Amino acid sequence: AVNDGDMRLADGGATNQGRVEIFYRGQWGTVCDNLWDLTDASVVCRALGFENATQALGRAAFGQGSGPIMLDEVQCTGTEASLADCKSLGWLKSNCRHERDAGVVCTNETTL
Ligand SMILES: *[C@@H]1O[C@H](CO)[C@@H](O)[C@H](O)[C@H]1NC(C)=O
């Protein structure tokens, strides 16, 4: 049971870090690192149940993903439930390639 805006971290080794992947209308895709910051990273981490983000990484730090680039130039206030609720260029709007895939490092506790 997955809905639009649902997220997951991949290829991180641990469960509290990885490449950010997000669901939309039936498929998973990645997020471009343009303007990717710590406030954006904390929205992902808290949604996934961690206390906070410690690092917002870009340039496919956890490897390049596959699928469409879902979001780009994400500007969160920090109080959002999902990256889908943050300001961005809109779903599927991006000129980036997977080598720009954004990632995060969250707290163990449960610029670009
Ligand atoms: C999350 O971590 C950053 C790092 O300094 C901090 O500014 C922020 O207040 C922390 N907590 C929350 C709930 O955002």
# chains A, B, ... in the order shown; residues from 1 in each chain; ligands from 1
>>> residues_around(residues="segment 41-46 of chain A", least_positions_apart="5", cutoff="6 Å", atoms="only C-alpha atoms", output="list in words")
residues 51, 52, 53, 56, 78, 104 and 106 of chain A
>>> residues_around(residues="residue 102 of chain A", least_positions_apart="5", cutoff="7 Å", atoms="only C-alpha atoms", output="VMD selection string")
chain A and resid 19 to 20 31 to 33 57 to 60
>>> select_by_dssp(residues="segment 36-103 of chain A", states="strand (DSSP E or B)", output="list in words")
residues 53, 54, 55, 56, 57, 69, 70, 71, 75, 87, 101 and 103 of chain A
>>> closest_residue(among="A:109, A:85, A:80, A:99", to="residue 39 of chain A", atoms="only C-alpha atoms")
A:80
